[PDB]
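Some notes on the structure that comes next.
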Amino acid sequence: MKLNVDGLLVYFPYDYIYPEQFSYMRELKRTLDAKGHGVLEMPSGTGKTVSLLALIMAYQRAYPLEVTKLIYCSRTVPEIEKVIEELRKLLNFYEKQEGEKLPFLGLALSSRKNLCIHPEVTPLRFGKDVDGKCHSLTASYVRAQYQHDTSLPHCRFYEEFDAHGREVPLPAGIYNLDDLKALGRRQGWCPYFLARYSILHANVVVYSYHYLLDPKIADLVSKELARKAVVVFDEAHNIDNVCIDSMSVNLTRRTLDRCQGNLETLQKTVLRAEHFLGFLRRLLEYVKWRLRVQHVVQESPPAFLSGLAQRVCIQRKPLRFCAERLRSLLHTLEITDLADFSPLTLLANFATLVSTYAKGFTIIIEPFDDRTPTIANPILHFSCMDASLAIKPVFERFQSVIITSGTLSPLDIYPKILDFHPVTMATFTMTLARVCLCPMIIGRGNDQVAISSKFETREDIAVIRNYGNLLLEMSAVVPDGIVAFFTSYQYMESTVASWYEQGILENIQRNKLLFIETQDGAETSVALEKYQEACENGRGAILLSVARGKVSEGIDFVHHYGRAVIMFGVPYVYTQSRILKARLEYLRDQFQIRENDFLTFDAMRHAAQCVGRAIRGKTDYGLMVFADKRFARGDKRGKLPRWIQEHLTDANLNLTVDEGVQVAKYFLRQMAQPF
Amino acid sequence: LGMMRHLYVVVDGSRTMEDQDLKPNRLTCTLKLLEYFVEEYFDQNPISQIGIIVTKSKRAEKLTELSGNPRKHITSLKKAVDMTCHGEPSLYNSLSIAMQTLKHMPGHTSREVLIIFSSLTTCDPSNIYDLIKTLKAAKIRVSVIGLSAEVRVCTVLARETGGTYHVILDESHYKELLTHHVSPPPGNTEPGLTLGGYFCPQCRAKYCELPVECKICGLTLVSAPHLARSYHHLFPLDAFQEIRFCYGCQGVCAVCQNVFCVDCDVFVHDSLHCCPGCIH
DNA sequence: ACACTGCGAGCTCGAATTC
DNA sequence: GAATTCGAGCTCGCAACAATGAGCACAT
Ligand code: SF4
Ligand SMILES: [Zn+2]
Ligand SMILES: [Zn+2]
Ligand SMILES: [Zn+2]
């Protein structure tokens, strides 16, 4: 298939293209020739991945000097392995069309807990332990006595890698994570350091967000890699929350007393430099004194640095190198493990963050805890407000960066929060042989009672019954699977228990089994495998969960798993937390984003991500109800994206509960018939 | 052409059989088109059988044993119009009753099960996915006609054993789907014919005017004019060539050289099925 | 140093028959 | 020729708007 975009010869690996997907490549080419960024939106996960990789890999053949490297940032390791497998399918298609070989290599990067061959270090569970057991076996003082080549502890894979894994590069053959371990096994090299060394000479590179967005990581793996590259931020609808949590540290009493133990055990080792220990013993006193208060909550982001020099007389000039010297002091002390000193690095990272970054930050000390007047557990947050202090290296270093997802809800908020100017900012919509989605906003109840999940309309039984009368009357007309996202855990627990005291939960269990997703991982994955088995046989199940949970972001509901997706209210965050009430102050002065218009934008991107997790494919059909009256208004249903808004008519806009079933029953009858 | 068929018809008796979007009872619209289905089945199939099983409250009960009576099925469906229809049905129990007595038919037939299913949930005390490995071993061809939705286990049951699976648009679509099952898909039995009005030739067991088997000696008693209508497909008659006085109506076959007309050439080949000159 | 989305008011037409 | 009855559409004023929860991937 020699498909023709406006200047290229794109080798597509399929036979049928969709008419929206060909226009995706025209707008994607419009970014790269303009040497600028771009905010695109296209719903699916596959098909979008194979069309983006078809153009850019064909773009670097016609213009091999304008772009050279493609950096593909995905969310986590399952999608890292998925993108690489869609890349060799395009590469093998190039192997048939030309019959040749190529100087084309593509890698995938992850943590040391994924690329690991040595047996005594691989079965460690937590991620922060496998770095330490590595560091006891490969540090520059551990290899210092290996110049004699004795029987001291060493890693045989690292010491073999630097002797032979430099003169020859990786030839070809797009590598997964498992393929890199297989290459490292049969050759005898490290899989982790071969991937990091060969990342500078590659053509497609697929790692996570945190190798490029985290500022204390991207200067170690991606500083000198390419000045003319293309970055793709796949599935980056919550790209601002990654940018805030990367530059925000959280300190509590449980961490600070562990730093006293680290400062204790450093004092026993120097007697076996010393001014740095009295530096940290001074700083640990002041942060404990500020947490010692029981008063109102207060904020002071550069005024912390004045009071740190009043009682303690520490200026801000040595505080900038606080985390630097602690990385050097543990080197000259030659400490074995480094996971034990994790609180003292977290205090030293807090010290080097309040000294430099103070324009749009805050420090919130909260002695009065959540909902209780006296519980002795204070905590100070160093919370970042401005989400554009983490992409400002990324928006400047590279040539073009393309932020793509399926649910970028308004396309103009993302260039306003993140300080940049795109050149396209385009949206798209899938084309279908049917209408494979029937959204509806089930508003008022069966007796003209509002259904809303407000804060004052939660404890009245006229709404809890209308939620129970809805899930009952949709579990008799939907086949094989219903996912019912609630807004919280304390609301899901206080409604199923209030359906059991009434006579509503006994009538849902007659139709479908109900499985509950809980916070712990063992009971959730057990209740998720019995769900996917109860939809395969004829029983039919209901997985009722929360909206900002693990199942709503990880699990992909393919056809006949979750034919209906029931949103039991608009999934807001806690709108009265002191962290969020300070971030909206920064979002109101800077960028003039109204404080009500940001909570809806944040909620309509989680209510459209988990609803959009019900259609992945051409033959997948899926119901998606929105069981809240507040979804009907203009500033909320105008935010959900243009591929689930073009089918939401005005008849399906304030449907009652009983009328919402005869749109559910008529849609599922029409979809069950062949093309 | 077609072969013998031993077709069970499984009828749902769930709580959802009192639903609208049909004739005002969902069960009585099923039983109305089924009584039409039994009559049309025995006319395009002379020596076949029909069993009818129902499911109600996690249990299956055989309403009618597997016998080729074209009357005993219709008078039992007219009896079960006022069924109470409480509880959810089962699909493991119904395909176990329709397998413990469909495994023992001879191998030169086409054993089939037609499940008319209105409910969505099959609450059953065992696993279904070993029956479909067992039904595929016993060469049973299970086809489902569903109502109002598409269950996943009803597509696995249909496409692995070899049947079809369809969902109703309306009552006109429901009558069209049942008429696709009356046609047969493309050994020597021992019947006894029924001279003397309707008697029995093997043990003189007189009973009513039926093609049913003998209740005493176990011999099938068919009517020989019924089997005679299904001839003329084997050694059928050929067409004619054409280029006043006729031979059939008296006012061209290449076998006996007998001139016909246009009104006779349309009548011999379509309705008479035999050349009137060839019989001489 | 308050105030979003809905909704009946005038205003002016139309079709067809009236006064 | 100048009223009616009941319908339609477009401007525009009127009054009063809202926002509640919980955890493992990535650097020496
Ligand atoms: S140096 Fe290589 S073998 Fe040793 S822990 Fe790290 S990745 Fe594993
Ligand atoms: Zn007899
Ligand atoms: Zn004639
Ligand atoms: Zn003849």
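Within each chain, counting starts at residue 1; across the structure tokens, chains are named A, B, ... in the order shown, with ligands numbered 1 upward in that order.
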(Q) With DSSP run on the backbone, what are the strand (DSSP E) residues within stretch 106-201 of chain B? I'd like them as JSON, numbers by chain. (A) {"B": [110, 111, 112, 113, 114, 115, 116, 117, 141, 142, 143, 144, 145, 146, 165, 166, 167]}
Q: Would you list, as a PyMOL selection string, the residues of stretch 91-298 of chain A that end up in alpha helix (DSSP H) under DSSP run on this structure's backbone?
A: chain A and resi 91-98+127-138+156-164+177-187+191-197+215-221+239-245+253-270+274-291
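Going from atom CA of residue B:51 over to atom CA of residue B:6, you cover 7.9 Å.
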Q: Do a neighbour search on residue B:86 at 7 Å with only C-alpha atoms (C1' of nucleotides), toss out local chain neighbours closer than 6 positions, and write the hits as a ChimeraX atom specification.
A: /B:14-15,56-57
(Q) Show me, as JSON, numbers by chain, the residues that have an atom within 12 Å of residue D:13 when counting only C-alpha atoms (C1' of nucleotides), minus same-chain residues fewer than 3 positions from it. (A) {"C": [7, 8, 9, 10]}
Store the residues picked out above in a file with N, CA, C and O atoms (P, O5', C5', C4', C3', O3' and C1' of nucleotides), as a compact mmCIF listing (two decimals), in the first residue's frame.
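Saved the output as out.txt:
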```txt
# COMPACT_ATOMS: atom_id res chain seq x y z
P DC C 7 -36.87 26.23 30.61
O5' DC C 7 -37.61 27.49 31.27
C5' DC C 7 -37.16 28.81 30.99
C4' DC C 7 -38.34 29.72 30.70
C3' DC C 7 -39.26 29.23 29.60
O3' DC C 7 -40.55 29.78 29.79
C1' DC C 7 -38.02 31.11 28.84
P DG C 8 -41.71 28.89 30.43
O5' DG C 8 -42.88 29.93 30.73
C5' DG C 8 -43.47 30.65 29.66
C4' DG C 8 -43.20 32.13 29.80
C3' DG C 8 -44.15 33.03 29.02
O3' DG C 8 -44.35 34.25 29.71
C1' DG C 8 -41.98 33.39 28.25
P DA C 9 -45.60 35.18 29.36
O5' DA C 9 -44.96 36.37 28.51
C5' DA C 9 -45.72 37.55 28.25
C4' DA C 9 -44.83 38.64 27.71
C3' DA C 9 -45.17 39.09 26.30
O3' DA C 9 -46.03 40.20 26.35
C1' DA C 9 -42.88 38.47 26.40
P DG C 10 -47.00 40.52 25.11
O5' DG C 10 -46.07 41.30 24.08
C5' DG C 10 -45.46 42.53 24.47
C4' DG C 10 -44.37 42.92 23.49
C3' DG C 10 -44.86 43.35 22.11
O3' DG C 10 -44.11 44.46 21.65
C1' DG C 10 -43.38 41.52 21.90
```
(Q) Neighbours of ligand 4 at 6 Å or closer, counting only C-alpha atoms (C1' of nucleotides) and all ligand atoms: which residues, as a VMD selection string? (A) chain B and resid 253 255 to 256 275 277 to 278
Exercise: residue D:5 partners within 12 Å, only C-alpha atoms (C1' of nucleotides), chain neighbours under 6 positions left out, as an mmCIF file with C-alpha atoms (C1' of nucleotides), in the first residue's frame:
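Done, and the output landed in out-v3.cif:
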```
data_model
loop_
_atom_site.group_PDB
_atom_site.id
_atom_site.type_symbol
_atom_site.label_atom_id
_atom_site.label_comp_id
_atom_site.auth_asym_id
_atom_site.auth_seq_id
_atom_site.Cartn_x
_atom_site.Cartn_y
_atom_site.Cartn_z
ATOM 1 C "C1'" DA C 15 -52.513 29.443 5.833
ATOM 2 C "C1'" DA C 16 -57.444 29.804 5.294
ATOM 3 C "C1'" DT C 17 -61.537 31.594 6.573
ATOM 4 C "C1'" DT C 18 -63.943 34.841 8.346
#
```
Expected selection as an mmCIF file with C-alpha atoms, in the first residue's frame for ligand 2 within 8 Å, only C-alpha atoms (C1' of nucleotides) and all ligand atoms:
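The resulting out24.cif:
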```
data_model
loop_
_atom_site.group_PDB
_atom_site.id
_atom_site.type_symbol
_atom_site.label_atom_id
_atom_site.label_comp_id
_atom_site.auth_asym_id
_atom_site.auth_seq_id
_atom_site.Cartn_x
_atom_site.Cartn_y
_atom_site.Cartn_z
ATOM 1 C CA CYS B 200 -51.319 -51.379 13.829
ATOM 2 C CA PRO B 201 -49.803 -54.096 11.629
ATOM 3 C CA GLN B 202 -47.445 -55.569 14.221
ATOM 4 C CA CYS B 203 -49.710 -56.112 17.238
ATOM 5 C CA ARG B 204 -53.212 -54.894 16.145
ATOM 6 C CA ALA B 205 -53.062 -51.947 18.576
ATOM 7 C CA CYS B 214 -46.796 -47.862 18.292
ATOM 8 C CA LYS B 215 -47.053 -47.371 22.050
ATOM 9 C CA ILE B 216 -46.904 -51.127 22.715
ATOM 10 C CA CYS B 217 -44.512 -52.852 20.306
ATOM 11 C CA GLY B 218 -42.415 -49.762 19.555
ATOM 12 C CA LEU B 219 -42.784 -49.694 15.761
#
```
Q: Please report as a list in words which residues of chain A come no farther than 10 Å from chain C, using only C-alpha atoms (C1' of nucleotides).
A: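 Written out as asked, the residues are residues 633, 634 and 635 of chain A.
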Output for the residues just chosen: N, CA and C atoms as an mmCIF file, in the first residue's frame:
```cif
data_model
loop_
_atom_site.group_PDB
_atom_site.id
_atom_site.type_symbol
_atom_site.label_atom_id
_atom_site.label_comp_id
_atom_site.auth_asym_id
_atom_site.auth_seq_id
_atom_site.Cartn_x
_atom_site.Cartn_y
_atom_site.Cartn_z
ATOM 1 N N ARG A 633 -25.758 20.100 31.818
ATOM 2 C CA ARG A 633 -25.552 21.518 31.573
ATOM 3 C C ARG A 633 -24.493 21.732 30.493
ATOM 4 N N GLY A 634 -24.382 22.983 30.047
ATOM 5 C CA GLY A 634 -23.575 23.276 28.878
ATOM 6 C C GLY A 634 -22.085 23.284 29.126
ATOM 7 N N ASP A 635 -21.655 23.699 30.313
ATOM 8 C CA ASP A 635 -20.235 23.774 30.624
ATOM 9 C C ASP A 635 -19.663 22.447 31.094
#
```
Q | Contacts to ligand 1 at 8 Å cut-off (only C-alpha atoms (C1' of nucleotides) and all ligand atoms) as a list in words | A |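 The neighbouring residues of ligand 1 are, in order, residues 112, 113, 115, 116, 117, 118, 121, 122, 130, 131, 133, 134, 135, 137, 138, 155, 156, 157, 158, 189, 190, 191, 192 and 193 of chain A.
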Resulting file, chosen residues, N, CA, C and O atoms, as a short mmCIF file (atom, residue, chain, number, x, y, z; two decimals), in the first residue's frame:
```
data_model
loop_
_atom_site.label_atom_id
_atom_site.label_comp_id
_atom_site.auth_asym_id
_atom_site.auth_seq_id
_atom_site.Cartn_x
_atom_site.Cartn_y
_atom_site.Cartn_z
N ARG A 112 15.52 -0.88 36.48
CA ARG A 112 16.39 -2.03 36.65
C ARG A 112 15.64 -3.26 37.14
O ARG A 112 16.16 -4.37 37.02
N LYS A 113 14.43 -3.09 37.67
CA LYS A 113 13.61 -4.23 38.07
C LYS A 113 12.97 -4.94 36.88
O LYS A 113 12.36 -5.99 37.07
N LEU A 115 14.78 -4.93 33.41
CA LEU A 115 15.95 -5.46 32.72
C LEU A 115 16.92 -5.93 33.79
O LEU A 115 17.69 -5.13 34.33
N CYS A 116 16.89 -7.22 34.11
CA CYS A 116 17.73 -7.74 35.17
C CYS A 116 17.96 -9.22 34.94
O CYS A 116 17.01 -9.97 34.74
N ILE A 117 19.23 -9.63 34.97
CA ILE A 117 19.59 -11.01 34.71
C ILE A 117 20.16 -11.70 35.95
O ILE A 117 19.87 -12.89 36.16
N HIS A 118 20.90 -10.98 36.79
CA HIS A 118 21.62 -11.57 37.92
C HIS A 118 20.65 -12.16 38.94
O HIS A 118 19.67 -11.49 39.32
N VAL A 121 19.61 -10.65 42.67
CA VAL A 121 19.04 -9.31 42.71
C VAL A 121 17.69 -9.20 42.01
O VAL A 121 16.89 -8.31 42.35
N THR A 122 17.33 -10.11 41.11
CA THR A 122 16.04 -10.04 40.44
C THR A 122 14.77 -10.31 41.28
O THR A 122 13.76 -9.64 40.99
N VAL A 130 15.82 -2.89 44.49
CA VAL A 130 16.67 -3.45 43.44
C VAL A 130 17.72 -2.44 42.99
O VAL A 130 18.76 -2.84 42.45
N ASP A 131 17.51 -1.14 43.22
CA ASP A 131 18.57 -0.18 42.95
C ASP A 131 19.68 -0.30 43.98
O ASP A 131 20.86 -0.14 43.63
N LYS A 133 20.56 -3.05 45.92
CA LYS A 133 21.29 -4.31 45.77
C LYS A 133 22.11 -4.32 44.49
O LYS A 133 23.14 -5.00 44.42
N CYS A 134 21.68 -3.56 43.48
CA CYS A 134 22.57 -3.27 42.36
C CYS A 134 23.75 -2.44 42.81
O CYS A 134 24.91 -2.77 42.52
N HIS A 135 23.49 -1.37 43.57
CA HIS A 135 24.52 -0.40 43.91
C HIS A 135 25.55 -0.97 44.88
O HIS A 135 26.67 -0.45 44.95
N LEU A 137 26.70 -3.89 44.32
CA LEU A 137 27.43 -4.80 43.46
C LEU A 137 28.11 -4.12 42.28
O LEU A 137 28.86 -4.78 41.56
N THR A 138 27.86 -2.83 42.05
CA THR A 138 28.43 -2.19 40.88
C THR A 138 28.98 -0.79 41.10
O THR A 138 29.40 -0.16 40.12
N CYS A 155 29.25 -7.82 40.10
CA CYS A 155 28.32 -8.25 39.06
C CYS A 155 29.11 -8.65 37.82
O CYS A 155 29.85 -7.83 37.27
N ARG A 156 28.95 -9.90 37.38
CA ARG A 156 29.68 -10.36 36.21
C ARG A 156 29.14 -9.77 34.92
O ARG A 156 29.87 -9.71 33.93
N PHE A 157 27.88 -9.33 34.92
CA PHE A 157 27.29 -8.77 33.71
C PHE A 157 27.77 -7.35 33.46
O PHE A 157 28.00 -6.96 32.31
N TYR A 158 27.91 -6.55 34.52
CA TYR A 158 28.40 -5.19 34.36
C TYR A 158 29.88 -5.18 33.99
O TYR A 158 30.30 -4.40 33.14
N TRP A 189 25.91 -9.89 28.66
CA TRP A 189 26.00 -8.48 29.02
C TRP A 189 24.85 -8.07 29.92
O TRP A 189 23.90 -8.82 30.16
N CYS A 190 24.95 -6.85 30.43
CA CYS A 190 23.84 -6.25 31.15
C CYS A 190 22.74 -5.86 30.17
O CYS A 190 23.03 -5.36 29.08
N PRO A 191 21.48 -6.08 30.52
CA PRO A 191 20.40 -5.60 29.65
C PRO A 191 20.05 -4.15 29.92
O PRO A 191 19.53 -3.46 29.04
N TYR A 192 20.32 -3.67 31.13
CA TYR A 192 19.94 -2.32 31.50
C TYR A 192 20.93 -1.30 30.97
O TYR A 192 20.53 -0.25 30.45
N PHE A 193 22.23 -1.58 31.10
CA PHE A 193 23.23 -0.62 30.66
C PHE A 193 23.51 -0.71 29.17
O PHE A 193 24.08 0.23 28.61
#
```
